[PDB]
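Novice: The structure that follows is given in the form of structure tokens.
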Amino acid sequence: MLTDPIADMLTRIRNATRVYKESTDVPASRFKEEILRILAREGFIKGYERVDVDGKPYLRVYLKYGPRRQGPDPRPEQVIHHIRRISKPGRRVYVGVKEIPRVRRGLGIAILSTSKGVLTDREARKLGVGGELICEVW
Amino acid sequence: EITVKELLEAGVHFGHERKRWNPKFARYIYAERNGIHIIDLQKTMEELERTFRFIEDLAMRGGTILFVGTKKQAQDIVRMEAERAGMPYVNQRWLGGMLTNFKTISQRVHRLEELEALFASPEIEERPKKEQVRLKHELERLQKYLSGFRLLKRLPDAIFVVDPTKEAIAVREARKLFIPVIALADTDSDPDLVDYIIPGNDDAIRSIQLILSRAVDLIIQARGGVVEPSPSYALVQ
Amino acid sequence: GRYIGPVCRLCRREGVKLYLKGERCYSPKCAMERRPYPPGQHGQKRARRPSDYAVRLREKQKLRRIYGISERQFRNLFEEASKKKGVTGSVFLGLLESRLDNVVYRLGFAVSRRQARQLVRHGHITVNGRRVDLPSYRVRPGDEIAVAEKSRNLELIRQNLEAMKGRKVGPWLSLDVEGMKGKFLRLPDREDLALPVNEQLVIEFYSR
Amino acid sequence: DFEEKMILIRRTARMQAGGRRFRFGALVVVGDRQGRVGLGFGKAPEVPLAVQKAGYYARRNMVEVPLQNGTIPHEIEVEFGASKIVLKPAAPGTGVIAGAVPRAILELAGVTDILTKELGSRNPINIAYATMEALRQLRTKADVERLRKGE
RNA sequence: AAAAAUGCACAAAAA
RNA sequence: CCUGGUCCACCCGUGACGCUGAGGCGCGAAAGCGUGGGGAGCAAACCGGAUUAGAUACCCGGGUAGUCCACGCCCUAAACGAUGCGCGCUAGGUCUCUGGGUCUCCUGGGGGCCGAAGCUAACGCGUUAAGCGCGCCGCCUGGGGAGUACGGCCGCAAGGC
RNA sequence: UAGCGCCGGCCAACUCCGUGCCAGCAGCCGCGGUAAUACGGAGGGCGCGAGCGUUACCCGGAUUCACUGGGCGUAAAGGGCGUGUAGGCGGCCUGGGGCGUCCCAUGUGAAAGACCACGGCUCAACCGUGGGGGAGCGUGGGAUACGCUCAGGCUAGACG
Ligand SMILES: [Mg+2]
Ligand SMILES: [Mg+2]
Ligand SMILES: [Mg+2]
Ligand SMILES: [Mg+2]
Ligand SMILES: [Mg+2]
Ligand SMILES: [Mg+2]
Ligand SMILES: [Mg+2]
Ligand SMILES: [Mg+2]
Ligand SMILES: [Mg+2]
Ligand SMILES: [Mg+2]
Ligand SMILES: [Mg+2]
Ligand SMILES: [Mg+2]
Ligand SMILES: [Mg+2]
Ligand SMILES: [Mg+2]
Ligand SMILES: [Mg+2]
Ligand SMILES: [Mg+2]
Ligand SMILES: [Mg+2]
Ligand SMILES: [Mg+2]
Ligand SMILES: [Mg+2]
Ligand SMILES: [Mg+2]
Ligand SMILES: [Mg+2]
Ligand SMILES: [Mg+2]
Ligand SMILES: [Mg+2]
Ligand SMILES: [Mg+2]
Ligand SMILES: [Mg+2]
Ligand SMILES: [Mg+2]
Ligand SMILES: [Mg+2]
Ligand SMILES: [Mg+2]
Ligand SMILES: [Mg+2]
Ligand SMILES: [Mg+2]
Ligand SMILES: [Mg+2]
Ligand SMILES: [Mg+2]
Ligand SMILES: [Mg+2]
Ligand SMILES: [Mg+2]
Ligand SMILES: [Mg+2]
Ligand SMILES: [Mg+2]
Ligand SMILES: [Mg+2]
Ligand SMILES: [Mg+2]
Ligand SMILES: [Mg+2]
Ligand SMILES: [Mg+2]
Ligand SMILES: [Mg+2]
Ligand SMILES: [Mg+2]
Ligand SMILES: [Mg+2]
Ligand SMILES: [Mg+2]
Ligand SMILES: [Mg+2]
Ligand SMILES: [Mg+2]
Ligand SMILES: [Mg+2]
Ligand SMILES: [Mg+2]
Ligand SMILES: [Zn+2]
């Protein structure tokens, strides 16, 4: 059914990382690519490759992490600590340029769709636009 | 020399536990035949390398490896092979705290010292006909547990475990202390709480002899000199 | 108005010489030498661990006690020194220090800040040529403050001035001693003037 | 070199046929105001002992506190059980704005200027434990890049 | 698978 | 005999035709109610015998509504998994019901235990989530007063909302 | 001219006496039953000072109506269960339009007040002069990712 295909994906990933899977597929779309585009480019993923499972288009996404650690619980750090949906089907979040966030004083990224395409807080603030805020990551 | 081939290996030493598997252990299992998970020996040697190298590095740089296992399979093979490198070991009932409480547990070693001081030496006859046997009895049980532990009045830089499940405590004790954990890992347990990993049958005394034998050699060859093979086939079925 | 009456009982309560008096606080009394403990019956008792609020309370009380100023006036300045383009502690101090009554004591026209106040308020001071009566006047850089001509004789001042030779005023200040006048060059720093006060505490006190 | 501060001392009680028998917890902070702090919770039959192991346990549990100019890299929030601390960084000239428990910890390591709010359970033991894990996860652009590189 | 009802208001301290 | 839901295999058809759902409507244990019937055993109420200080109870002997059927009402409940519905995502182990398969094994839809990660105040939950997420509905906002009063709607009444 | 409130914890300030569950205090927890830092006087301290207290009311602390920023197994909280009206939400591909959204341009957003400077009353309070700006809404030009709508295709949802 999938009311929110984007938020499903973001969650697909959040769930993927926290078990330290190498790779996980999400149902493919023009929009999810454009987002996932920004996600490798900013370093949060190694990246993706369009694939097909049972004839059906997917995006196989290759997860990234930290180094094995020392002390008990050796399990690494996380590249994506936190990723959460913002503008949602239930409530749509539309910020003018001046109203754009800075995630973790800039250490994090805020992805947001605008009429100049899928951009970032930095990226959008420079073209000078604003639009539908998709999510935030760090 | 140092390394080892698959010829002697491939007979008894590949795969052990059927379906009792910890799932983390995927990477080191190749296929399942006979309902038993079979270990992939290629990736064993892949690791047996990275590991051995850390041992050899630790040996020729002069630091200690603590040997532990309680199972009836690795109980004998550990006592021998550890003294063979003159190393500390536990073949008997790994005690709680033996690392995190070290300065405390070891005060039982010092007691072992004082108990050795009276064997044929004087002041032993001065004790009552009863208290004799009593004090000596405390030595005999002291002897049992602290034999291997006696060496190395300081805590190691590594420990070597047969079944990282069978002694979880041990691993966790070390792991809490930032003490590198090397162990011979089975399907029985999981990777990743082990630092340097040796992925093969934890049971099957045959398999234990092979790995631990030439594991001690690799240390000898590193520190100085070499030796002949260590006693193995004495009982061995 | 401003606190009247026993002043060395403050020197004592706070546990530091505030020098609220004249020279006597530089002699072997201040009250402080004889009895370096808090006033009243219980002062010689073993103290108890002071409360976090207690600690901030006194620090504020000290600082205020020093410039001998009402809690009303004092709070103004602190709120004034809040926003504050500034580091806010310093700003507060600069302002406190800019008080005509404070400056006059700083310029040694008078020995005690309490003596400074009566000096300003009896007509015995001038700012930039003008008679100024009000201890709360804020002086700014370049201001010339001087004994008014109407009484330049005034045994008290001459005594305070002729003995002011042998002294060097604070950096932010300068004094021409044969002319009975002096100048406010700038705003004193945290560094520029060391006070017994931890200014970081007075702020935490008005955090309430 | 190191500086100790106790934020809490509790008398607790167990019941025996006799009556109440007590025991003492002591919460202690440890830090050099250079960006090292630690926290440990001592319990023993009398106050000083329990303040002793409090200091002891403190030093055996520590944290990297990436100050810059007496403040923190980014805005963080953590929850430990039902207690929650929000840590927001401030320009210089601000001060540490905190309640007694997180103030003590933030002071003994750097942090001349910070913003905090306690939310949720204000129970000081669990708020302390929530603050440590909050510093613990602080990260800088350094950690950030060295985290996203590749290879 | 049990014979048997009830009990005066308020009340330390072990920093 | 009539009849609902449901699952599996084949991958044939439609082409988003979906989710949820304030109101509405319908169903709704027991007891209760109306009109008939039916009444063996049970058994509120009631009588008697024991017990007890008392015994309007507990045990014993009786015993009428009721329990049963038809039609028509009542609408409640510890009506409970005290856990709204749909969807996607997140280790395994083991028992069992019922399909399909190259019937050791694999696969699908149910029913139980133990458990990864995570969650949780704890107890615990955990691919039958109480985890990670989205949609939409219902509900909470200290205890008592009180699910009472008033009003309104519904019921033959009890009474219900 | 100096007064007023407080000194058990919260909360800054402690001792003697009197009283003896009395007289009394009390914002909350609670003090008083014959040694009371908690009542009343005292000495002594803390706070503020031409004021200090009290009562009443508003906001805050209260993420305690939670948009920011909460919840519903056992703490208050899942409707007894369905079926479904309106409403809310809505899979994959491509175009049109540009309603939402976004950008620039512009009119308006009175003065006072507030914020920032500088000045005028001996300071200040007051008061003057200048600067800084939104948001929203009108108009004009544009952008089209997303939501919308309109058209056309799909099979992964859903039905057969
Ligand atoms: Mg034992
Ligand atoms: Mg005259
Ligand atoms: Mg919570
Ligand atoms: Mg509280
Ligand atoms: Mg009675
Ligand atoms: Mg009683
Ligand atoms: Mg009483
Ligand atoms: Mg049928
Ligand atoms: Mg078909
Ligand atoms: Mg077709
Ligand atoms: Mg019914
Ligand atoms: Mg019935
Ligand atoms: Mg009746
Ligand atoms: Mg009937
Ligand atoms: Mg009848
Ligand atoms: Mg009958
Ligand atoms: Mg009877
Ligand atoms: Mg009777
Ligand atoms: Mg009967
Ligand atoms: Mg009968
Ligand atoms: Mg109902
Ligand atoms: Mg209910
Ligand atoms: Mg199942
Ligand atoms: Mg766990
Ligand atoms: Mg009420
Ligand atoms: Mg009712
Ligand atoms: Mg009514
Ligand atoms: Mg109801
Ligand atoms: Mg007061
Ligand atoms: Mg006090
Ligand atoms: Mg008396
Ligand atoms: Mg008395
Ligand atoms: Mg008494
Ligand atoms: Mg008193
Ligand atoms: Mg009082
Ligand atoms: Mg009194
Ligand atoms: Mg509020
Ligand atoms: Mg909300
Ligand atoms: Mg709540
Ligand atoms: Mg409940
Ligand atoms: Mg229900
Ligand atoms: Mg509809
Ligand atoms: Mg759509
Ligand atoms: Mg438009
Ligand atoms: Mg105006
Ligand atoms: Mg002026
Ligand atoms: Mg103006
Ligand atoms: Mg269409
Ligand atoms: Zn003095």
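Every chain in the structure tokens takes a letter, A first, then B, and so on in the order presented; its residues are numbered from 1, and the ligands are numbered from 1 following the presented order.
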Please identify all protein, DNA and RNA residues within 9 Å of ligand 4, counting only C-alpha atoms (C1' of nucleotides) and all ligand atoms, and report them as a PDB file with C-alpha atoms, in the first residue's frame.

Specialist:
ATOM      1  CA  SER D 121      12.054  13.010  34.657  1.00  0.00           C
ATOM      2  CA  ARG D 122      14.292  15.419  36.489  1.00  0.00           C
ATOM      3  CA  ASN D 123      15.611  12.651  38.755  1.00  0.00           C
TER       4      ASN D 123
END

Novice: Quick one: residues within 7 Å of stretch 21-28 of chain A, only C-alpha atoms (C1' of nucleotides), excluding same-chain residues fewer than 5 positions away - as a list in words?

Specialist: residues 9, 16, 57, 58, 59, 60, 61, 62 and 63 of chain A

Novice: Can you work out which residues are within 10 Å of ligand 20, considering only C-alpha atoms (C1' of nucleotides) and all ligand atoms, and then hand them over as a list in words?

Specialist: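 Residues satisfying the distance criterion: residues 41, 42, 43, 61, 62 and 63 of chain F.
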
Novice: Near stretch 65-74 of chain D, counting only C-alpha atoms (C1' of nucleotides), which residues have an atom at most 6 Å away, once you skip same-chain residues fewer than 6 positions from it, shown as a JSON list (two decimals) with N, CA, C and O atoms, in the first residue's frame?

Specialist:
[["chain", "number", "residue", "atom", "x", "y", "z"],
["A", 104, "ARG", "N", 22.21, 20.35, 12.97],
["A", 104, "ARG", "CA", 23.42, 20.22, 13.79],
["A", 104, "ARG", "C", 24.46, 21.30, 13.48],
["A", 104, "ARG", "O", 25.62, 20.98, 13.21],
["A", 105, "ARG", "N", 24.02, 22.56, 13.50],
["A", 105, "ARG", "CA", 24.87, 23.70, 13.18],
["A", 105, "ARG", "C", 25.66, 23.44, 11.90],
["A", 105, "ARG", "O", 26.84, 23.75, 11.81],
["D", 35, "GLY", "N", 38.27, 19.88, 29.29],
["D", 35, "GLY", "CA", 37.53, 19.03, 28.38],
["D", 35, "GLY", "C", 37.56, 17.56, 28.72],
["D", 35, "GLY", "O", 37.21, 16.71, 27.90],
["D", 89, "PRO", "N", 24.43, 24.91, 21.93],
["D", 89, "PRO", "CA", 25.63, 25.72, 22.13],
["D", 89, "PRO", "C", 25.36, 27.22, 22.09],
["D", 89, "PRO", "O", 24.42, 27.66, 21.44],
["D", 110, "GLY", "N", 35.44, 22.33, 30.46],
["D", 110, "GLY", "CA", 35.26, 23.46, 29.57],
["D", 110, "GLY", "C", 33.95, 24.20, 29.80],
["D", 110, "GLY", "O", 33.54, 24.42, 30.96],
["D", 111, "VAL", "N", 33.30, 24.55, 28.69],
["D", 111, "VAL", "CA", 31.93, 25.05, 28.72],
["D", 111, "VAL", "C", 31.80, 26.24, 29.64],
["D", 111, "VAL", "O", 31.43, 26.10, 30.81],
["D", 112, "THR", "N", 32.25, 27.39, 29.16],
["D", 112, "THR", "CA", 31.93, 28.65, 29.79],
["D", 112, "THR", "C", 30.55, 29.15, 29.35],
["D", 112, "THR", "O", 29.91, 29.91, 30.08],
["D", 113, "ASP", "N", 30.11, 28.73, 28.16],
["D", 113, "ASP", "CA", 28.84, 29.18, 27.58],
["D", 113, "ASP", "C", 28.01, 28.03, 26.97],
["D", 113, "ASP", "O", 28.45, 27.42, 25.99],
["D", 114, "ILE", "N", 26.81, 27.77, 27.49],
["D", 114, "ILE", "CA", 25.96, 26.67, 27.00],
["D", 114, "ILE", "C", 24.47, 26.97, 27.22],
["D", 114, "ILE", "O", 24.15, 27.82, 28.05],
["D", 140, "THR", "N", 32.46, 16.65, 15.85],
["D", 140, "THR", "CA", 32.89, 17.84, 15.14],
["D", 140, "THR", "C", 33.04, 17.54, 13.69],
["D", 140, "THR", "O", 32.95, 16.37, 13.28]]

Novice: Provide the atom CA of residue A:96 to atom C1' of residue G:99 distance in Å, to one decimal place.

Specialist: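 Here the two named atoms are 18.4 Å from each other.
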
Novice: Pick out the residues no farther than 9 Å from ligand 36, counting only C-alpha atoms (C1' of nucleotides) and all ligand atoms, and list them as a ChimeraX atom specification.

Specialist: /G:36-41

Novice: Could the residues in this selection be saved with N, CA, C and O atoms (P, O5', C5', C4', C3', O3' and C1' of nucleotides) as a PDB file, in the first residue's frame?

Specialist:
ATOM      1  P     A G  36      11.604  22.779  74.292  1.00  0.00           P
ATOM      2  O5'   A G  36      11.545  21.729  73.106  1.00  0.00           O
ATOM      3  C5'   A G  36      12.557  21.730  72.105  1.00  0.00           C
ATOM      4  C4'   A G  36      12.119  22.365  70.805  1.00  0.00           C
ATOM      5  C3'   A G  36      12.818  23.679  70.450  1.00  0.00           C
ATOM      6  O3'   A G  36      13.043  23.730  69.046  1.00  0.00           O
ATOM      7  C1'   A G  36      10.508  23.973  70.376  1.00  0.00           C
ATOM      8  P     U G  37      14.462  23.318  68.421  1.00  0.00           P
ATOM      9  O5'   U G  37      14.855  24.591  67.557  1.00  0.00           O
ATOM     10  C5'   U G  37      14.975  25.864  68.167  1.00  0.00           C
ATOM     11  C4'   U G  37      15.367  26.923  67.169  1.00  0.00           C
ATOM     12  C3'   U G  37      14.354  27.224  66.089  1.00  0.00           C
ATOM     13  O3'   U G  37      13.263  28.005  66.553  1.00  0.00           O
ATOM     14  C1'   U G  37      16.559  27.175  65.181  1.00  0.00           C
ATOM     15  P     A G  38      11.809  27.326  66.657  1.00  0.00           P
ATOM     16  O5'   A G  38      11.420  27.022  65.135  1.00  0.00           O
ATOM     17  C5'   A G  38      11.195  28.089  64.210  1.00  0.00           C
ATOM     18  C4'   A G  38       9.784  28.112  63.659  1.00  0.00           C
ATOM     19  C3'   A G  38       8.691  27.834  64.686  1.00  0.00           C
ATOM     20  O3'   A G  38       7.484  28.506  64.306  1.00  0.00           O
ATOM     21  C1'   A G  38       8.697  26.131  63.064  1.00  0.00           C
ATOM     22  P     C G  39       7.343  30.100  64.519  1.00  0.00           P
ATOM     23  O5'   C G  39       6.100  30.288  65.505  1.00  0.00           O
ATOM     24  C5'   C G  39       4.835  29.684  65.268  1.00  0.00           C
ATOM     25  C4'   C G  39       3.921  29.894  66.444  1.00  0.00           C
ATOM     26  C3'   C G  39       4.215  31.170  67.213  1.00  0.00           C
ATOM     27  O3'   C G  39       3.401  32.228  66.787  1.00  0.00           O
ATOM     28  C1'   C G  39       4.291  29.309  68.685  1.00  0.00           C
ATOM     29  P     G G  40       4.054  33.656  66.487  1.00  0.00           P
ATOM     30  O5'   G G  40       4.337  34.278  67.917  1.00  0.00           O
ATOM     31  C5'   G G  40       3.258  34.777  68.679  1.00  0.00           C
ATOM     32  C4'   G G  40       3.722  35.233  70.030  1.00  0.00           C
ATOM     33  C3'   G G  40       4.980  36.075  70.016  1.00  0.00           C
ATOM     34  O3'   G G  40       4.697  37.433  69.760  1.00  0.00           O
ATOM     35  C1'   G G  40       5.199  34.385  71.615  1.00  0.00           C
ATOM     36  P     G G  41       5.843  38.378  69.171  1.00  0.00           P
ATOM     37  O5'   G G  41       6.851  38.536  70.397  1.00  0.00           O
ATOM     38  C5'   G G  41       6.579  39.488  71.419  1.00  0.00           C
ATOM     39  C4'   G G  41       7.639  39.526  72.504  1.00  0.00           C
ATOM     40  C3'   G G  41       9.064  39.891  72.110  1.00  0.00           C
ATOM     41  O3'   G G  41       9.259  41.283  71.876  1.00  0.00           O
ATOM     42  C1'   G G  41       9.118  38.042  73.554  1.00  0.00           C
TER      43        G G  41
END

Novice: Distance table requested - chain G against chain A, cut-off 7 Å, only C-alpha atoms (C1' of nucleotides): one row per qualifying residue with the closest atom pair and its distance in Å to one decimal, ordered by chain and rising residue number, as a Markdown table.

Specialist:
| residue | atom | partner | partner_atom | distance |
| --- | --- | --- | --- | --- |
| G:89 | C1' | A:90 | CA | 6.8 |
| G:90 | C1' | A:3 | CA | 5.5 |
| G:91 | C1' | A:1 | CA | 6.8 |
| G:101 | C1' | A:131 | CA | 6.0 |
| G:102 | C1' | A:131 | CA | 5.3 |
| G:103 | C1' | A:129 | CA | 6.3 |
| G:143 | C1' | A:115 | CA | 5.9 |
| G:144 | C1' | A:115 | CA | 5.1 |
| G:145 | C1' | A:117 | CA | 4.4 |
| G:146 | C1' | A:113 | CA | 6.4 |
| G:156 | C1' | A:56 | CA | 6.6 |
| G:157 | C1' | A:1 | CA | 5.4 |

Novice: Give me the residues within 12 Å of residue F:104 as a ChimeraX atom specification, counting only C-alpha atoms (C1' of nucleotides) and dropping any in the same chain fewer than 4 places off.

Specialist: /B:33-35

Novice: Now that the selection is made, can you save its residues with C-alpha atoms as an mmCIF file, in the first residue's frame?

Specialist:
data_model
loop_
_atom_site.group_PDB
_atom_site.id
_atom_site.type_symbol
_atom_site.label_atom_id
_atom_site.label_comp_id
_atom_site.auth_asym_id
_atom_site.auth_seq_id
_atom_site.Cartn_x
_atom_site.Cartn_y
_atom_site.Cartn_z
ATOM 1 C CA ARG B 33 25.472 -30.759 4.024
ATOM 2 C CA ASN B 34 24.502 -33.625 6.348
ATOM 3 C CA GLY B 35 22.285 -31.166 8.206
#

Novice: Give the residues of chain F that lie within 9 Å of chain B; count only C-alpha atoms (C1' of nucleotides), and format the answer as a list in words.

Specialist: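 Taken together, these residues fit the definition: residues 91, 92 and 93 of chain F.
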
Novice: Write the residues of the preceding selection, restricted to N, CA, C and O atoms (P, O5', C5', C4', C3', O3' and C1' of nucleotides), as a PDB file, in the first residue's frame.

Specialist:
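This is the output file result35.pdb:
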ATOM      1  P     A F  91      16.849  -8.632   9.417  1.00  0.00           P
ATOM      2  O5'   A F  91      16.102  -9.821  10.164  1.00  0.00           O
ATOM      3  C5'   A F  91      16.296 -10.043  11.543  1.00  0.00           C
ATOM      4  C4'   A F  91      17.399 -11.026  11.759  1.00  0.00           C
ATOM      5  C3'   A F  91      17.061 -12.495  11.565  1.00  0.00           C
ATOM      6  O3'   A F  91      17.006 -12.896  10.208  1.00  0.00           O
ATOM      7  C1'   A F  91      18.359 -12.219  13.517  1.00  0.00           C
ATOM      8  P     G F  92      16.435 -14.354   9.814  1.00  0.00           P
ATOM      9  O5'   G F  92      17.323 -15.382  10.632  1.00  0.00           O
ATOM     10  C5'   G F  92      16.808 -16.639  11.024  1.00  0.00           C
ATOM     11  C4'   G F  92      17.570 -17.155  12.209  1.00  0.00           C
ATOM     12  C3'   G F  92      16.992 -18.398  12.857  1.00  0.00           C
ATOM     13  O3'   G F  92      17.450 -19.586  12.247  1.00  0.00           O
ATOM     14  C1'   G F  92      17.338 -16.753  14.510  1.00  0.00           C
ATOM     15  P     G F  93      16.482 -20.860  12.155  1.00  0.00           P
ATOM     16  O5'   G F  93      16.324 -21.313  13.676  1.00  0.00           O
ATOM     17  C5'   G F  93      17.473 -21.670  14.429  1.00  0.00           C
ATOM     18  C4'   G F  93      17.127 -22.116  15.824  1.00  0.00           C
ATOM     19  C3'   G F  93      15.960 -23.082  15.922  1.00  0.00           C
ATOM     20  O3'   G F  93      16.317 -24.422  15.684  1.00  0.00           O
ATOM     21  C1'   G F  93      15.644 -21.326  17.465  1.00  0.00           C
TER      22        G F  93
END

Novice: Between atom CA of residue D:43 and atom CA of residue D:21, what distance in Å does the model show, to one decimal?

Specialist: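 Atom CA of residue D:43 sits 13.8 Å away from atom CA of residue D:21.
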
Novice: Please report as a compact mmCIF listing (two decimals) with C-alpha atoms, in the first residue's frame which residues of chain D come no farther than 9 Å from chain C, using only C-alpha atoms.

Specialist:
# COMPACT_ATOMS: atom_id res chain seq x y z
CA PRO D 92 30.71 33.70 24.02
CA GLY D 93 29.42 35.96 26.77
CA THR D 94 26.42 33.77 27.45
CA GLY D 95 27.27 31.62 30.45
CA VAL D 96 26.24 28.11 31.40
CA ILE D 97 22.46 27.95 31.64
CA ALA D 100 22.50 22.13 39.30

Novice: Give the residues close to ligand 15, within 9 Å, counting only C-alpha atoms (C1' of nucleotides) and all ligand atoms; write them as a PDB file with C-alpha atoms (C1' of nucleotides), in the first residue's frame.

Specialist:
ATOM      1  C1'   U F  35     -46.896 -12.840  24.034  1.00  0.00           C
ATOM      2  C1'   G F  36     -47.260 -17.862  23.581  1.00  0.00           C
ATOM      3  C1'   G F  37     -45.264 -22.580  24.495  1.00  0.00           C
ATOM      4  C1'   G F  38     -42.087 -26.130  27.259  1.00  0.00           C
TER       5        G F  38
END

Novice: When you draw a straight line from atom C1' of residue F:32 to atom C1' of residue F:64, how long is it in Å?

Specialist: 16.9 Å

Novice: Return the neighbours of chain B among the residues of chain A, cut-off 8 Å, counting only C-alpha atoms, as a list in words.

Specialist: residues 70, 71, 72, 73, 74 and 75 of chain A

Novice: Next, dump the selected residues to file, keeping only C-alpha atoms, as a PDB file, in the first residue's frame.

Specialist:
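After the write, selection15.pdb holds the following:
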ATOM      1  CA  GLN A  70      37.130  -1.065  21.129  1.00  0.00           C
ATOM      2  CA  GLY A  71      35.657  -1.908  24.520  1.00  0.00           C
ATOM      3  CA  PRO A  72      32.556  -4.074  24.827  1.00  0.00           C
ATOM      4  CA  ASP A  73      30.004  -3.606  22.054  1.00  0.00           C
ATOM      5  CA  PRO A  74      32.589  -3.408  19.238  1.00  0.00           C
ATOM      6  CA  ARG A  75      29.876  -2.506  16.729  1.00  0.00           C
TER       7      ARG A  75
END

Novice: At a cut-off of 12 Å and counting only C-alpha atoms (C1' of nucleotides) and all ligand atoms, what residues surround ligand 49? Please answer as a ChimeraX atom specification.

Specialist: /C:6-36,66,112

Novice: Please check which protein, DNA or RNA residues sit within 9 Å of ligand 29, counting only C-alpha atoms (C1' of nucleotides) and all ligand atoms, and write them as a PyMOL selection string.

Specialist: chain G and resi 5-6+46-48+53

Novice: Considering only C-alpha atoms (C1' of nucleotides), return as a ChimeraX atom specification whatever protein or nucleic-acid residues lie within 12 Å of stretch 125-142 of chain B, sequence-local ones (same chain, fewer than 4 positions apart) excluded.

Specialist: /B:92-93,105-121,146-150

Novice: Neighbouring residues of ligand 42 are defined here as those with any atom at most 9 Å from a ligand atom, counting only C-alpha atoms (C1' of nucleotides) and all ligand atoms; list them as a list in words.

Specialist: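 The residues near ligand 42 are residues 20 and 21 of chain F; 85, 86, 87 and 88 of chain G.
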
Novice: I want to know what sits within 10 Å of residue D:81, based on only C-alpha atoms (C1' of nucleotides), with residues of the same chain fewer than 4 positions away left out; could you give that as a list in words?

Specialist: residues 120, 121, 126, 127, 129 and 130 of chain D; 120 and 121 of chain F
